[PDB]
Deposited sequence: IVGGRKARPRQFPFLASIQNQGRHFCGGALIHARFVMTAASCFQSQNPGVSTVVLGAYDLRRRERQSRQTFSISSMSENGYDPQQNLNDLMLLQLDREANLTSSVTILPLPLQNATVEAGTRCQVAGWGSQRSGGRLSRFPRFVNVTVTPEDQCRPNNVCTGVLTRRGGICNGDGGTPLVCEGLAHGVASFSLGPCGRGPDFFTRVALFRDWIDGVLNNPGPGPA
């Protein structure tokens, strides 16, 4: 996260940390006790990662706070790598997370809901503060603004900071964009230097139904 402030413990309790060999590579959100919503793009270079909930300081063990999980199944709906279309993915946890003061669910918008340009949102994560720089051990967050459609693409929700540098950076992939208390976006990509803008998030409301379907039909799938 660029241009942000350090978060307090349990300030974004729905946040997730996707790690590989203990190395954080993407963020995500708990949207249901058994699933975490993230970015399909996070999965290119698979499920031999872990999902960490309730973390704060990436360097500590915070045993009394964290819950760790394996990924039983991955669900994508038309992800297109080439264009980065439909960059959204659902991970099913090996087991049901427990809901504590440090681990909660972030609600979803209704199918097709919209957010207008100029709307104020928040984004948090452990990503770096500079292109190719080092991750942040504490989560950080920044106030962002929804841009005009013309600045974005239909599949996404785009944002910017009134200020200078602000936005997502390395490690912020799949982290959620939260507007009016709901997960309106999933961090996808951004062009050029972190902080420049605008930032591209998958438009969550377009997938509500498909998501519900997944939630309602759990289980690895065809074999």
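Enquirer: Which deposited-sequence positions, grouped into ranges, are missing C-alpha coordinates?
Expert: Seq positions lacking coordinates: 46-47, a single run.
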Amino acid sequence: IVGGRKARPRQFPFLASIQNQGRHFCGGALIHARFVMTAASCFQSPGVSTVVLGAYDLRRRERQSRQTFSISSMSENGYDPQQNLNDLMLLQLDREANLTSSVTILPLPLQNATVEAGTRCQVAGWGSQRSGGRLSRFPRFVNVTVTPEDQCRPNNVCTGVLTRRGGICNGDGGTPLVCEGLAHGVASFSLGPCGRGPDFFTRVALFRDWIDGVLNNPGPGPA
From here on, numbers count along this sequence of modelled residues.
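Enquirer: Between 56-64 and 183-191, name whichever shows the higher mean Cα B factor according to the PDB entry.
Expert: Averaging CA B-factors over each stretch, the winner is 56-64.
Enquirer: So which stretch wins on mean C-alpha B-factor, 72-80 or 123-131?
Expert: Between 72-80 and 123-131, it is 72-80.
Enquirer: Which of these has the highest Cα B-factor in the record: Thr145, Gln151, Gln92, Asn112?
Expert: Of the candidates given, the C-alpha B-factor peaks at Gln151.
Enquirer: If I read the C-alpha B-factors straight from the PDB entry, which of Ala33, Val178, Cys42, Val48 is highest?
Expert: That would be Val48, according to the entry.
Enquirer: Considering only modelled residues of the same chain, in which third does the CA B-factor of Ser102 rank: lowest, middle or highest?
Expert: Middle third, going by the recorded CA B-factors of the chain.
Enquirer: Split into thirds by Cα B-factor across the chain's modelled residues, where does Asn155 land: lowest, middle or highest?
Expert: Highest third, going by the recorded CA B-factors of the chain.
Enquirer: Which third, lowest, middle or highest, does the C-alpha temperature factor of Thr202 belong to within its own chain?
Expert: Middle third.
Enquirer: With respect to C-alpha B-factor, does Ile168 fall in the lowest, middle or highest third of the chain as deposited?
Expert: It belongs to the middle third of the chain when residues are ordered by C-alpha B-factor.
Enquirer: Would you check the entry's CA temperature factor for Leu85 and let me know if it's in the chain's lowest, middle or highest third?
Expert: As the PDB entry reports it, the C-alpha B-factor of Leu85 lands in the highest third of its chain.
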